[PDB]
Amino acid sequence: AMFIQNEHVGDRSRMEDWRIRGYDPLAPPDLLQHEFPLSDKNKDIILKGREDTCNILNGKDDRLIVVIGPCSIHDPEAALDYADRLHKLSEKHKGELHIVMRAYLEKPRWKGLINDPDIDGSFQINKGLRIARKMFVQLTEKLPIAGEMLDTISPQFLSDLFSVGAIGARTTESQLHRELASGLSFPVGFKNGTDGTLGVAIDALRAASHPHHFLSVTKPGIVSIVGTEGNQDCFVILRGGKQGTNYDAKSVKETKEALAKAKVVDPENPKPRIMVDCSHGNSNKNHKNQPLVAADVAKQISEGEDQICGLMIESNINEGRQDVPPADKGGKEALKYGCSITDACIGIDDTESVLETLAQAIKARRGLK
């Protein structure tokens, strides 16, 4: 099965390896970046994506950050098509919305594109990293992209490509992910806990703003001690949870106050640091509810809310979701094009609509002054 096979797997008399099947070799990040380098067009778009995100997060730009795209990418061809459509929507709304495409590769729980690119229970991580990076180089010739850092190694292969990132709810409390965020070159968002408490996300924001010293993988692929500077461009993501939804004006108000009390936002000159996820907890795992969540946020914006920095929306070419058929009944090749195999997404129609609603809300808020 595996390249280097542990001949001693399952021998419990051994001291440390008998639950290791074996190992597969990995291209070092240096190597993968050499094979798939960035052009100047990549650099311009990625750097512009980071600057535009920071300017909103610092209250210098009155647009809204919109992280929007598939729950997870299983089909690079469909993702590039989607990027072409979103790019056009982006040019229409660039006066009001800073659109960043959601380029997530994995759903925590199918392990995702990097872990299992062939979607067949074979694990071809090295190939998956290649497929992932090449697609990201193609995506960022069109528009900036957003990522989820679920692990701490794979950012070494891909982190030059992101203009904004997020820590998964299941790892907001993880010291590993807070240290990771303190050394990334782009703003990072921290989701409230799965039980809906905001504390862990506020804690993560503060931890990530400080320098750290910690063990980590480096670009040649060896483990070293890293020193980070601290990342002050981070924000929280309201994403629902066991206590119910938290996109409403009352939850936003409690969140604004928590940020002030924690001394993260000056209440007299406030920076916007609240992103609302329209999906996941906040939609009750029903994609038809995402436009309703977005509209509620849009209404708060139109009425003068100035600390919501943006929204996250799970969106695809076609709405809904699908399971992967058995290889018996067609396998991966029998999947519908442009349709998520993880969380259900809104289709391209609701997407055009939701984007239009948000842009009007930004226009409405300008009228208020």
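Start at 1 with the first residue shown and count on from there.
The deposited sequence places 4 to 9 unmodelled residues between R109 and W110. Higher mean CA B-factor, judged across 207 to 215 and 100 to 108 from the recorded values: 100 to 108. The mean Cα B-factor in the deposited entry runs higher for 119 to 127 than for the other of 119 to 127 and 223 to 231. Per the deposited coordinates, the residue with the largest Cα temperature factor out of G183, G165, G281, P144 is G281.
By the numbers in the PDB entry, the CA B factor is greatest at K88 among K191, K88, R273, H177.
Ranked by C-alpha B-factor against the other modelled residues of its chain, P70 falls in the lowest third. The PDB entry assigns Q300 a C-alpha temperature factor belonging to the lowest third of its chain's modelled residues. In this PDB entry, the Cα temperature factor of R50 sits in the bottom third of its chain's modelled residues, the lowest group. When the modelled residues of the chain are ordered by C-alpha B-factor, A344 sits in the middle third. When the modelled residues of the chain are ordered by C-alpha B-factor, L161 sits in the lowest third.
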